[PDB]
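Trainee: Please see the structure below; I have some questions.
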Amino acid sequence: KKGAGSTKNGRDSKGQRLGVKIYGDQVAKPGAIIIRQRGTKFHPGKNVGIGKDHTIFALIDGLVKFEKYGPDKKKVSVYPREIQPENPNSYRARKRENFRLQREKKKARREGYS
Amino acid sequence: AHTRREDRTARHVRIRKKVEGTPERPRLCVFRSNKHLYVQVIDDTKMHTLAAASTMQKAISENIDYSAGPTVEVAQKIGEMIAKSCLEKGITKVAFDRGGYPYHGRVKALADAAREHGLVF
Amino acid sequence: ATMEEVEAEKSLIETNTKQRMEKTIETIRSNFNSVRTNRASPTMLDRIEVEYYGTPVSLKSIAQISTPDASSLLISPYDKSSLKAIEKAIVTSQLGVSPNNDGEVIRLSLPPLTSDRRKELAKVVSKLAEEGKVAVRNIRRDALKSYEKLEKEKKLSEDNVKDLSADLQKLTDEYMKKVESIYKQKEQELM
Amino acid sequence: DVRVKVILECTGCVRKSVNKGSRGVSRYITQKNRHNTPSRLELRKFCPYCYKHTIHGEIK
Amino acid sequence: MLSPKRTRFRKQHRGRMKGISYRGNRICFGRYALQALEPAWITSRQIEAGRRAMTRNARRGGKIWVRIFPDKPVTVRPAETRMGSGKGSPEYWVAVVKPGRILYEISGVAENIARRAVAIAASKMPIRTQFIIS
RNA sequence: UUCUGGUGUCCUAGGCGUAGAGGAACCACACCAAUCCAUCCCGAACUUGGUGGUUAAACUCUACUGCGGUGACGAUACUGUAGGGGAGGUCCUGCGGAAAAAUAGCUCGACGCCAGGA
RNA sequence: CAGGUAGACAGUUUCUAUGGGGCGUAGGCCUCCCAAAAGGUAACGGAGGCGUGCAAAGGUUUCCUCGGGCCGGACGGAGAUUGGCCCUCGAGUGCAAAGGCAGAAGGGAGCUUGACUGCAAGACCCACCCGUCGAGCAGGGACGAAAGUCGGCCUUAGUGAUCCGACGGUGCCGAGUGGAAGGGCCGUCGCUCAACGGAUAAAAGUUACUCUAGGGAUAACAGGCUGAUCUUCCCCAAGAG
RNA sequence: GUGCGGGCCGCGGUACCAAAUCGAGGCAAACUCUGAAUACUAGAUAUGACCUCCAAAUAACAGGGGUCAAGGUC
Ligand SMILES: [Mg+2]
Ligand SMILES: [Mg+2]
Ligand SMILES: [Mg+2]
Ligand SMILES: [Mg+2]
Ligand SMILES: [Mg+2]
Ligand SMILES: [Mg+2]
Ligand SMILES: [Mg+2]
Ligand SMILES: [Mg+2]
Ligand SMILES: [Mg+2]
Ligand SMILES: [Mg+2]
Ligand SMILES: [Mg+2]
Ligand SMILES: [Mg+2]
Ligand SMILES: [Mg+2]
Ligand SMILES: [Mg+2]
Ligand SMILES: [Mg+2]
Ligand SMILES: [Mg+2]
Ligand SMILES: [Mg+2]
Ligand SMILES: [Mg+2]
Ligand SMILES: [Mg+2]
Ligand SMILES: [Mg+2]
Ligand SMILES: [Zn+2]
């Protein structure tokens, strides 16, 4: 009836997908990106580099670690890991091999029936 | 205001964040006092000192004799003995830490005399 | 036609009205007091001047004005030589009153209200109210043009003008009620 | 049009070279202001054809 | 009408009146007070009436303190306009009040004068309240 | 094993302030000179080469809880989940998780390497 | 044949979103909030900015620390310049905001052009097309005594697919053959194509003389929801009386 | 509260005028010295059911064999 009136707002940029990509105690390959950030919320530590956009990227294969770079700051490091395999007696290992066995035995019965 | 000792320590930290001692290229740092020189060779990864050469060593204190402070000729002797002390250990490459002081002067003579033979830097 | 532009164009035009409405209501009240419906007169004798030793001076400085009754007036001249000069000025002013004298002072006597006078006088009271309403309607008439001039110049929308114009009439209509209210209390004074 | 893109040509390369290595001319392109730099803009930059760094100057 | 003479922003959200105030429920100033018991909005006009009604009654040295300030705008669109086309402009100011928050304080008078005047101001509020001793 | 100096890592970041100790050696300052070098001016700083006076300043060590820093348990707020009241605003219950703040309390660093001295 | 010249005449265009449509406003990119402690996330929701700039404000080497308050001193005063003391990151970083940075990414000085060539393991992002970071290798180089650093700028906006054309280069093709025309390739340039994933090299209005295909997905009347507003009561009682 | 400067009556005095700071006490989507629960990411642990039975043919839940069901990527 009466009317209305527009606004001087409406603009906004889309999410640039910042934040942590790889967390602590998780594998990271050489050249893999751990953090995509604007400033040095996290500093670079050992076995790790820094880019133009303050992008922290790994140089070796290992696990990520977060330390404190002084009283009120934090950094990132990538130390090598161990090479301990899994035992065959694990619930995961016994179950994993169970599929391989049932998949082959069920196959053997398919062509072996007739 | 700031004193000579305070500004010296600041000049040494800005250098240390670039140079880093390693097993393949240890860190050679120098400390000059008002009456003595002093040198260390460190593998920063191990936090251990491999070699050293001071003004208070017997093999050189009997040789040189200064009244006020160590001269440029003294630095040439420190760079000589430390080199022979390094080659026996089985290391040639090294990173030169100038201890925050300017390169010009006695620090240059210590580096050149040490660079004169044996070492690679 | 952003909102910041509508507020500015509203603020400019509206303040010219309100600052102009107050001028009318102030002057319209003065038009009523000039009718002089014999209520009380500390004010009528103020504009009459007299000659005192070659100096045109107001009556207020030469004598005192005391109103012992609503339908009369007393003048207490400090100088007897100035008493006759007061009688001359009142008659030459042609106010419509016959001053008298008791040898010491001058007494006026406002006449009573007649039927022929009340009707001819009431016609003047209504006429001044008409001159007040047209003064307001000219302001409503001037304000709406400016909204239309901004519209032709493509600085406002058709939607904005209908809102401001409809909202502007509410402002003027408030001031219109002040015209009747001053007219209602005045019509009671005729009796 | 205060700022303008400027073209830099190698001073030393020749047209229609009969060499075996590589034939052509080096040419870069950069920004350059006129009022803040009324003179020309010559810089020692790499030339793939000449196998060295050479003074690349403004063609215009 | 109490309100800021300056604000960083002219418009805010509605909000959410959950919980109870564990901070502004101590009687520091004054002897007797008025304590709320429900969450609700309180405007500047309401506080103005409660102050005058409380101050006009306690003639004899009745000192008053108002422990609340609005510092929150409230917008209302133009009348009889459709939805959309932006957010309305501020008209008045509001105070966020939860159960426990003290509304007023009184000193320099007796308890009989307090219960008689505190009750009158509570009649002006939109919520249930209670009288407190300390 | 300790003392001095040099040089690090860890770290609760270990400092301010107050009160003491240190000069044989070590560190530092003070004093004098100036064309290797230096001052948008200045040997203050920076660099050479000299005299050894002084622990005054710095620095090192010893102590404390006055600032500062650090900081709970418990309880409560809040909350996941399954449900239940109230016109609404919003509230309650069971199982599980669980603070901040404040206070008690802790804190005047921990551990290495080289040279010299005992 | 060519130039100019009448909607006299013909063929056509005249965007969309939209708490109905229109008048208005907006159209792409960046930053904060709404966004609910990964990321992402709408509205005609709240705040603001971009369509660049620098030949140093880039690179490298190296030395410094701003700001505020108090006190002293001619013109000089709150405030210019100068000395000292105290708090310590409260300044500044070309511009909006956020994040980051104190012996610094801020502020100076000296030399310089890596504001390179030929690449690139592996990742982030994600309908598609785009976009982002990047160890490391060769070449030839700058700075530095050296170790080492540099593939534009503290970071994120400063931008436009394709077709076609233009300039320069080129050991490619060359309609029988040799040439040439022309074209390809490499390097780069040309659109406020801003309605910004751009329908054409090139386009505005009116219809109440009207017409068709559809829609209660969409307005006007009424019903219904809501009850701001309207109407009718109640609560407190400062005062009038 | 202290009251910078001054207005007030004032050659300098005082009730009343506010530029900072102290104490007490509040608020905030676009403030944070602090900071959950859930969620997200990764890793680790673990017997799904039934039948036939090694033994006993009680118990213990104990083995072997067999069957069935069930999750995702390209
Ligand atoms: Mg954003
Ligand atoms: Mg607890
Ligand atoms: Mg705590
Ligand atoms: Mg036509
Ligand atoms: Mg035409
Ligand atoms: Mg057609
Ligand atoms: Mg439309
Ligand atoms: Mg979330
Ligand atoms: Mg998020
Ligand atoms: Mg949006
Ligand atoms: Mg700041
Ligand atoms: Mg700098
Ligand atoms: Mg041919
Ligand atoms: Mg190429
Ligand atoms: Mg588009
Ligand atoms: Mg007609
Ligand atoms: Mg007709
Ligand atoms: Mg419908
Ligand atoms: Mg209707
Ligand atoms: Mg209807
Ligand atoms: Zn060339």
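Scheme for the structure tokens: letters A, B, ... for chains in order shown; per-chain residue numbers from 1; ligand numbers from 1 in order shown.
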Can you pull out every residue within 8 Å of region 35-40 of chain B, counting only C-alpha atoms (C1' of nucleotides), but drop anything in the same chain fewer than 2 positions away, and send it as a list in words?
Mentor: residues 27, 28, 29, 30, 31, 32, 33, 42, 49, 50, 51, 52, 53, 54, 55, 56, 68, 69, 70 and 75 of chain B; 6 and 114 of chain F
Trainee: Identify, with DSSP run on backbone atoms, the residues in chain A assigned to alpha helix (DSSP H), and express the list as a ChimeraX atom specification.
Mentor: /A:91-113
Trainee: Generate the output file for the selected residues, C-alpha atoms, as an mmCIF file, in the first residue's frame.
Mentor:
data_model
loop_
_atom_site.group_PDB
_atom_site.id
_atom_site.type_symbol
_atom_site.label_atom_id
_atom_site.label_comp_id
_atom_site.auth_asym_id
_atom_site.auth_seq_id
_atom_site.Cartn_x
_atom_site.Cartn_y
_atom_site.Cartn_z
ATOM 1 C CA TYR A 91 40.400 -57.615 14.996
ATOM 2 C CA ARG A 92 41.011 -55.478 11.904
ATOM 3 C CA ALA A 93 43.554 -57.870 10.384
ATOM 4 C CA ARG A 94 41.519 -61.023 11.028
ATOM 5 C CA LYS A 95 38.402 -59.373 9.607
ATOM 6 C CA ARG A 96 40.259 -57.930 6.610
ATOM 7 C CA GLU A 97 41.636 -61.334 5.625
ATOM 8 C CA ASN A 98 38.191 -62.859 6.202
ATOM 9 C CA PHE A 99 36.764 -60.938 3.243
ATOM 10 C CA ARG A 100 39.639 -62.035 1.004
ATOM 11 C CA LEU A 101 39.063 -65.661 2.009
ATOM 12 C CA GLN A 102 35.270 -65.617 1.681
ATOM 13 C CA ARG A 103 35.568 -63.725 -1.607
ATOM 14 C CA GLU A 104 37.801 -66.448 -3.064
ATOM 15 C CA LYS A 105 36.032 -69.430 -1.490
ATOM 16 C CA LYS A 106 32.626 -68.146 -2.593
ATOM 17 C CA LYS A 107 34.170 -67.715 -6.041
ATOM 18 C CA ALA A 108 35.541 -71.266 -5.985
ATOM 19 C CA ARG A 109 32.053 -72.594 -5.232
ATOM 20 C CA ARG A 110 30.560 -70.570 -8.102
ATOM 21 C CA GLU A 111 32.460 -72.237 -10.952
ATOM 22 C CA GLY A 112 33.022 -75.398 -8.894
ATOM 23 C CA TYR A 113 29.336 -76.182 -8.341
#
Trainee: Output the contact residues of chain G with respect to chain E at a cut-off of 10 Å, based on only C-alpha atoms (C1' of nucleotides), as a list in words.
Mentor: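 Only these qualify: residues 18, 19, 25, 34, 43, 44, 45, 46, 47, 228, 229, 235, 236, 237 and 238 of chain G.
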Trainee: As number ranges by chain, please: the residues near residue 147 (chain G) (cut-off 8 Å, only C-alpha atoms (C1' of nucleotides), same-chain neighbours under 2 positions excluded).
Mentor: B: 19, 94-96, 121
Trainee: Can I get the residues close to ligand 6 as number ranges by chain, where close means within 12 Å and we count only C-alpha atoms (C1' of nucleotides) and all ligand atoms?
Mentor: G: 11-13
Trainee: Just to be explicit: take each residue in the selection above, keep C-alpha atoms (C1' of nucleotides), and write the result as a PDB file, in the first residue's frame.
Mentor:
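The resulting file, out-v1.pdb, is reproduced below:
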ATOM      1  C1'   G G  11      12.044  -6.287 -40.873  1.00  0.00           C
ATOM      2  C1'   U G  12      13.157  -6.480 -35.579  1.00  0.00           C
ATOM      3  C1'   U G  13      14.902  -5.501 -30.494  1.00  0.00           C
TER       4        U G  13
END
